[PDB]
Every structure is written in structure tokens, then in C-alpha cells.
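Notes follow once the structure below has been shown.
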Amino acid sequence: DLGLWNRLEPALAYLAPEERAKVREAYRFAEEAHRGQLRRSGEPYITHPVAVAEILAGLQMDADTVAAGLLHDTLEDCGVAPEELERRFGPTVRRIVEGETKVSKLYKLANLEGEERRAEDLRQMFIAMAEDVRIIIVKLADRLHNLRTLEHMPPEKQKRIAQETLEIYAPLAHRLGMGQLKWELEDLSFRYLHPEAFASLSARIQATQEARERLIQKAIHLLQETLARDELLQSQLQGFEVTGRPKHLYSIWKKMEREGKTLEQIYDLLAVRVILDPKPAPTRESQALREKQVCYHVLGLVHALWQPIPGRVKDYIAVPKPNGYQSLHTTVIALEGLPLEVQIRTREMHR
Ligand SMILES: Nc1nc2c(ncn2[C@@H]2O[C@H](COP(=O)(O)OP(=O)(O)OP(=O)(O)O)[C@@H](NP(=O)(O)OP(=O)(O)O)[C@H]2O)c(=O)[nH]1
Ligand SMILES: [Cl-]
Ligand SMILES: [Cl-]
Ligand SMILES: [Cl-]
Ligand SMILES: [Cl-]
Ligand SMILES: [Cl-]
Ligand SMILES: [Mg+2]
Ligand SMILES: [Mn+2]
């Protein structure tokens, strides 16, 4: 057995049972449609829309979006008409899979090459044609998985796709507030577009990586304990996760070229992330309050645990960034005299 559903299924627990039922129906429909089809990796095609759905489930997208992630390829390859996807999964799931597949072609057609701000007018083209932003998110999840599996492609295609992601899709994830997605698109694009510079920067970081993650883990273990042993915070919380922030390799090398610095000359600010999953609240309004309330509760315990550097609290929950970015940030003195940046946000805020 393929066993792809058994990997996706756990990621779907945030959906109501009726919604997970729509996603199982979508999985089987995709399973049937792509039967016998193969990816250039030698893996059966279904591996891709399952990976794409899995990315959207990680991002906690609505049921129609994740089901559309499984069906996002069925129309072109498999003798499936859009009428079938609307008849079987409703018009929003069709709308989205039709939109993700249709835009792929528009970018092929569009004449903007070597043009002053060509990516700006091409990014706006998708923005203008796709009023339901879910279409863009599915396209971003698709491009991410394609990049994740870019080794099974000619090196010519590898750089064409990496550059296109760097001009179009990574900036589109920025506009949409999907920074988690944006970072990964950037680093994966950087890997294939400039391989020589990626392999050199990665090697330098892999020398101090033994000590850096050793320190970051002391702070993670300590902050995990502190949060878990706080009875009131846990009373309003379903779950939580404390992680180390990954080095944004593309941005690190980008600032080295611009500021004319070396990887030794640039300051490695250690950062940790607290992701909070609040417990289901009896009303929609009470759920919204809990979301805010739980991040400020954490800010306080972080300040009880580590001494806060003055003027480093940043409240993007009260005042989100222009792309709708919401998180709380505080720079503290942790690790015996070291600056540690703490990012605090909910599961819903983590995009
Ligand atoms: N990255 C990657 N892509 C793979 C793999 N196996 C198959 N592919 C397909 O290659 C495709 C690369 O793009 P393409 O060159 O435009 O597609 P094509 O018409 O040459 O494809 P076929 O040889 O007929 O399959 C890609 N298409 P997709 O619709 O997802 O996205 P696009 O880039 O916006 O057009 C993949 O589905 C694989 O292992 N990795
Ligand atoms: Cl069925
Ligand atoms: Cl834009
Ligand atoms: Cl962002
Ligand atoms: Cl982020
Ligand atoms: Cl410490
Ligand atoms: Mg091709
Ligand atoms: Mn696809």
C-alpha cells in the first residue's frame, strides 16, 4: 500500500470530522485520477498532490483549500472536467483548482523579460486575476513542493524555476504574510539558482552548527519547562511548541553582497519561537480574545525567565505589519549574557 493518506491524516486533526471526510473523498478521487501516472522521481504522481495538501494542512488552511490541494492537478492530466469537481466537491474547490492550473499557463504566455520591474507587473497580474487568495496559496504550496523535489529535473529547469520563484512566488508569499513559506521558497531557490555560493555559505554555518544548536537547545529546554509548569497558561492552551529559528540563508547571503560583509562579519542573533495552540473557546469572540491573551501571558513568563533588553518589545498583534503579520517579539538576555530574540504567536498567526 502507498500509505500516503496515513501521513496526511494526522495533519487534518484541526478540521471537523465532516471536513476530514471531504478530504478523504478528495484524496481517493485524486488517487484514481492520477492512477498509473508518474513523477520524474519515479514515484507515483499522487505523491505530489498529497505533499501539496500536507503543506496546506501544516499552514492550517480551510478544508476546501486542502481538498483542492489534492485535486489541483486532476483537470489537465486525467480526463476530469471542471464540472465533475464542482458536482463532487462544490464550486469553491473547483474555483481554486481551476485558478491554480490556469495561472500556470498565463505566466508562460506573459511577455516581460529583462524589463525594468517586470516581476512587479507579473506579480500584480496574479493578484488581479485571482480574487480568492486561496488560489495563490495553493499555487505557492505547489511551487514549494516542486522545489523540494527539484533534484529530479534538468539543471536548466532547476535555475529557470528557482529564478521564477525568486521573482514571482516568494514575493507573493511576502505580500500574503506567509513568511514561513517565503523563507523556504527563498532558501530552496538560492540552493539551485546559485549552487556554488549556496554550498560555500552552508559549509561555513555547518562548522558552528554543532555549538549554535547546542546553545539554542538549552534556551528551548528551559523555556519549554517554564511554559509547561505554568498552570494558568496551560488551562487556556490546547498545545504549544518552542523551536529555534532557522538561518534565512538567502537573506544572509543577500545582505553580505549588499553590505559587502563576510559570514564572520555578520551578527548571528539567536532567535526562538513560541507557537501557541489555544483550546477551543465556547464562542467565536471568546476564541479571538484567548488568541491575544495567551501571547501576552507568554511575554510575561519570558520576562520572568530572562531579563528583557530595554525597548525591544514589538507588538504586531496590536499593530500588524502591512502584509497582516501578527506576532509578539522581545529581545532578552539569556544564555549567560547573550541576546536572545523570542518570537511569540498562535498556530493561526504562524504563516
Ligand atoms: N519539481 C518536479 N517537478 C516534477 C517532477 N516530476 C514531474 N514534475 C513536473 O514537472 C513540471 C515542470 O514544469 P513544465 O516544464 O512546465 O512541465 P511539462 O509540460 O514539461 O511536464 P511533463 O514532462 O509533461 O510532465 C511540473 N508541472 P506543474 O504543473 O506542477 O508546475 P509549473 O512549473 O507551474 O508548470 C511538475 O508537475 C519532480 O520530480 N520534480
Ligand atoms: Cl470513494
Ligand atoms: Cl507585489
Ligand atoms: Cl512575513
Ligand atoms: Cl516568519
Ligand atoms: Cl538560559
Ligand atoms: Mg518540461
Ligand atoms: Mn502541481
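Cβ: placed from backbone, ideal geometry, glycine included. Neighbour counts: every protein chain shown. Coordinate-derived values only; no laboratory data.
Here are a few things to note about the model shown:
- Filtered by the rule that a residue be surrounded by fewer than 18 Cβ atoms within 10 Å (Cβ to Cβ) and more than 23 Å from the chain's Cα centre (by Cα), segment 79-98 gives 79, 81, 82, 83, 84, 86, 87, 88, 90, 91.
- Scanning segment 133-170 for residues that are within 13 Å of the chain's Cα centre (by Cα) and either within 16 Å of ligand 5 (Cβ to nearest atom) or hydroxyl-bearing (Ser, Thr, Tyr) (or both) gives 137, 140, 144, 169, 170.
- Selection count, segment 75-128, where residues are closer than 16 Å to residue 168 by Cβ and either within 16 Å of ligand 2 (Cβ to nearest atom) or of a type in the set (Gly, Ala, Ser) (or both): 6
- The listed residues are 345, 273, 290, 284, and the only one of them that is under 23 Å from residue 177 (Cβ atoms) and in contact with a helix residue (DSSP H, G or I) (Cβ under 8 Å, 6 or more places away or on another chain) turns out to be 345.
- Subset tally (residues that are of a type in the set (A, V, I, L, M) and more than 13 Å from ligand 8 (Cβ to nearest atom)) for segment 34-62: 4
- Checking residue 76 against (1) within 12 Å of ligand 1 (Cβ to nearest atom); (2) among the acidic types (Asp, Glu); (3) within 29 Å of residue 350 (Cβ to Cβ), the condition it does not meet: (3)
Residue-wise test of (1) among the hydroxyl-bearing types (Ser, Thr, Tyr); (2) touching a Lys or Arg at 6+ places or on another chain (Cβ under 7 Å); (3) on the phi > 0 side of the Ramachandran plot; (4) more than 16 Å from ligand 6 (Cβ to nearest atom).
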residue	(1), (2), (3), (4)
253	no, no, no, yes
269	no, no, no, no
292	no, no, no, yes
326	no, yes, no, yes
333	no, no, no, no
338	no, no, no, no
344	no, no, no, yes
348	no, no, no, yes
